[PDB]
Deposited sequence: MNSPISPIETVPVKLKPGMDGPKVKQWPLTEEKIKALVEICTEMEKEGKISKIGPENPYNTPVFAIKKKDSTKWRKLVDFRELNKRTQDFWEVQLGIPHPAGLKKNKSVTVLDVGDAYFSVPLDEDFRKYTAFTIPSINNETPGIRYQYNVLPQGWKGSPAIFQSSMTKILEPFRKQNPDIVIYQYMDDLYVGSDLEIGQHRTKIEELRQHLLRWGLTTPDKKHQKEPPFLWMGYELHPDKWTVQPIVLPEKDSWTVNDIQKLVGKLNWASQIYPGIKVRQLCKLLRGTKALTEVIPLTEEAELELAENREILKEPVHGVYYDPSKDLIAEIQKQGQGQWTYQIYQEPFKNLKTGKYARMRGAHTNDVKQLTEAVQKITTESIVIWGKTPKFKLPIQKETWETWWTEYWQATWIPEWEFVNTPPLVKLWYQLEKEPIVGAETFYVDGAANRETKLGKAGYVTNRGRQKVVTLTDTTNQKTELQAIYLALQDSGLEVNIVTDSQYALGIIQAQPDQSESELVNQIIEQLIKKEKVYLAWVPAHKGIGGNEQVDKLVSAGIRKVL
């Protein structure tokens, strides 16, 4: 018995263009889809289905990735409020969190007949030889936020003996993945994951290891200097001027005093003691969390990334600009696009662990280069929302 799925009123299904795919990805998808069809998971469709969702291939085995971003936004009432999955606050406090792919579970649950048309996707051909190969889903699709929402009840039943036997193990389902946390020693943790895989293995379903307790802030670092130049104080005042827009209690009055008259940039200007007091007092505030900043569940999360050079990237997560919920850094035969996708995926997984939702990314790359290359390195089964931004020149050095 299929659960009926109703779209958000006033808006209809997704009509998103399929991106050009290489020959190897097309052939990989044709092979996958021929197989799913024989198994009745998907069916070939007619032209009377005007809907479309993009499809991609990722990795040694090729796997299908359906971009349900638009369908998910259009079904938000269903998966978020109607059939919401509660996020545990304890997960971010665990010594180890193991991420397990549980997407194969969804293929055993039939999709509501009157919702299937909205899961439409096309396999394109090279040089437009043939019209695309069109399919729709007959079962809960991987990548659609409604799939874990519907499967919720079956997941609870599967995990019930395990949860009863392990009361201090946190299990969170987000999209196609299970997040399993414990404060156990690494060996005992890995032993309990194998036990859970055995439980999953009895219902069909078949890792990636995080350490959230070791996740720490990227404080705005103020230099430690032997001798300070006019240029160094100027760099320091701008950096402090901006940190004061986010942190309660920052002061620059004493440091600003030093900058009197029109001086040469290289002039070594001997420091004071009250200026030294400011530095140390600001340093103290900079290492601690931001006072008065709390996550609002009704608001979207934003992630900002800056290229810092030498394979280093900085990022900030916020809901209101300046108001940082989390800051961090990512460090690397790796290119900028490969480094950027790795950072996006790392920031998303931390965001899932901490808030139970993905951020919208502000990416310092050209829309087109990102659109051509992102899949070459993408490894997750989810895709966050993203925008293309032109990184302001000073945000970079203030986060350096």
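*Numbering from 1, run down the deposited sequence and write out every stretch that has no C-alpha in the structure.*
Seq positions lacking coordinates: 1 to 8, 68 to 71, 219 to 233, 360 to 363, 432 to 563.
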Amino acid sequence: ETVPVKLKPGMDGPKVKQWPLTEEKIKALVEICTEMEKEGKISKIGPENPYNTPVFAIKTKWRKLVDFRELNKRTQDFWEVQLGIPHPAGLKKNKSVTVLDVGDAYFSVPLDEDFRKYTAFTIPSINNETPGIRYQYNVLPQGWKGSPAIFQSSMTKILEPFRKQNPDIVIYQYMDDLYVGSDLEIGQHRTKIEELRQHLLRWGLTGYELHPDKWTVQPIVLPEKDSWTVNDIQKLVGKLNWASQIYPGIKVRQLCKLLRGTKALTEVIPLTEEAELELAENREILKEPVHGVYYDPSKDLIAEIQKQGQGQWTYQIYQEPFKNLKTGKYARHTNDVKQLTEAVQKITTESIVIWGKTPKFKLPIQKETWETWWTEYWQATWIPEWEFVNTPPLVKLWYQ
From here on, numbers count along this sequence of modelled residues.
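*asked:* Tell me which stretch has the larger mean Cα B-factor in this entry, 257 to 265 or 80 to 88.
replied: Averaging CA B-factors over each stretch, the winner is 257 to 265.
_Given 133 to 141 and 207 to 215, the range whose Cα B-factors average higher in the PDB entry_ = Looking at the recorded C-alpha B-factors, 207 to 215 comes out higher on average.
*asked:* Given 102, 126, 111, 252, identify the residue with the highest C-alpha B factor in the PDB entry.
replied: In the PDB entry, the greatest C-alpha B-factor among 102, 126, 111, 252 is found at 252.
*In terms of CA temperature factor as recorded, identify the highest of 247, 313, 151, 179.*
Reading the PDB entry, the winner on C-alpha B-factor is 247.
*Would you mind ranking residue 185 by its C-alpha B-factor against the rest of the chain and naming the third, lowest, middle or highest?*
CA B-factor rank for residue 185: middle third.
*By the record's CA B-factor, is residue 379 among the lowest, middle or highest third of residues in the chain?*
Tercile = middle for this residue's CA B-factor.
_Lowest, middle or highest third - CA B-factor, residue 34_ = As the PDB entry reports it, the C-alpha B-factor of residue 34 lands in the middle third of its chain.
*Comparing against every modelled residue in the chain, figure out the third that the C-alpha B-factor of residue 12 lands in (lowest, middle or highest).*
It belongs to the highest third of the chain when residues are ordered by C-alpha B-factor.
*Based on the entry's values, in what third of the chain does the Cα temperature factor of residue 348 lie: lowest, middle or highest?*
For residue 348, whose C-alpha B-factor we compare with every modelled residue in the chain, the answer is the lowest third.
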